[PDB]
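Residue numbers (mature numbering (1 follows the signal peptide of the UniProt record, and there is no 0)): 7 to 229.
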Ligand SMILES: N=C(N)c1ccc(CNC(=O)[C@@H]2CCCN2C(=O)CCC2CCCC2)cc1
Ligand SMILES: [Ca+2]
């Protein structure tokens with residue numbers, strides 16, 4: 007997260023860290039047994055870490071639970087990151103509390119200009135590299151599709167939207183991958199891609215979760 011602020015401990019209780027010896031991606035709790043992340047975050051041997059603030063210090067509200075299965079979207083395309091969504095099942099149900107809470111799936115999409123919350127343990131610099139140990143937050147609006155497509159011609163699908171600031175300086179970044187974009191109390195986006203971080207006229211691109219709600223609901227009821 008570049009240009010954001012410290013969220014504050016467990017102020018984003020649906021935010022998870024995916025860990026395989028180390029944090030490698032964000033995720034969102036959507037019920038006690040299931041997480042939503044990005045397809046480009048797929049790998050075996052995943053441990054889900056909930057209740058986290060400082061990811062390098064055990065502060066007392068953590069729950070560490072291994073993944074029993076992962077389901078990348080059937081239509082994911084690694085070349086273009088179209089349908090960049092994945093579901094991860096917990097081997098045991100998370101114990102939900104104020105610190106470890108699920109985020110609601112959207113009933114409908116969000117419109118351009120809607121303010122959202124983007125969060126993660128990703129890089130905080132526009133040039134160079136600095137990883138925070140505490141959770142960073144960023145308020146950012148959903149941008150119009152035309153400004154999104156103008157920035158990334160021939161690369162944006164109906165399954166993607168841009169959010170952020172065309173002037174730059176505020177954006178998500180590497181290590182934020184898979185993380186939530188929350189608008190009006192719903193999970194509308196997943197941190198997917200972009201050119202650099204916080205670069206002018208290069209806004210962040212997010213997986214459009216509202217297109218996947220039936221697939222999400224169908225998949226977890228059958229797995
Ligand atoms: N500036 C941002 N908002 C932002 C946030 C998070 C990321 C992390 N994502 C990534 O690094 C993903 C993973 C595979 C290649 N990749 C890219 O961003 C490269 C460009 C992609 C590859 C294919 C279509 C465009 C990248 C950018
Ligand atoms: Ca911790």
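All C-beta atoms in this analysis are idealised placements derived from N, C-alpha and C, irrespective of residue type, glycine included.
Distance CB(residue 154)-CB(residue 180) smaller than 9 Å: Here residue 154 is taken as the residue at index 148 of the chain shown, counted from 1. Here residue 180 is taken as the residue at index 174 of the chain shown, counted from 1. No, Cβ-Cβ distance for residue 154 and residue 180 is not below 9 Å.
Spatial distance of residue 184 from residue 190 (CA atoms): In the chain shown, residue 184 corresponds to position 178, counting from 1. In the chain shown, residue 190 corresponds to position 184, counting from 1. Rounded to the nearest angstrom, the two C-alpha atoms are 19 Å apart.
Beta-carbon proximity of residue 223 to residue 111, cut-off 9 Å: Sequence index remark: in the chain shown, residue 223 carries index 217 (1-based). Sequence index remark: in the chain shown, residue 111 carries index 105 (1-based). It is a contact, given that the beta carbons lie within the stated cut-off.
Pairwise C-alpha distance: residue 194 and residue 216: Translated into the one-based positions of the chain shown, residue 216 becomes position 210. Translated into the one-based positions of the chain shown, residue 194 becomes position 188. Their Cα atoms are separated by approximately 6 Å.
Within-9 Å CB hit, residue 205 to chain B: Absence of chain B from the displayed structure is noted, only one protein chain being present.
Meets three-Cβ-pair contact criterion under 8 Å: the stretch 115-122 and the stretch 31-42: no
Same chain, Cβ closer than 7 Å to residue 23, five either side skipped, listed in chain order: Taking the first residue of the chain shown as 1, we reach residue 23 at position 17. The answer, listed in chain order, is 29, 32, 55, 58, 61, 127.
Residue 227 (DSSP reduced to helix, strand or coil): For this step, residue 227 is matched to residue 221 along the chain shown. DSSP places residue 227 in helix when its eight states are reduced to three.
Beta-bridge partners of residue 167, as assigned by DSSP: Residue 167 sits at position 161 when you count from the first residue of the chain shown. In the DSSP output, where bridge partners are listed per residue, residue 167 has 212.
Alpha helix (DSSP H) segment containing residue 152, residue limits: Along the chain shown, read from residue 1 onward, the residue named residue 152 stands at position 146. Its alpha helix (DSSP H) spans residues 151-157.
Contact the stretch 61-76 vs the stretch 89-99: 3+ CB pairs below 8 Å: yes
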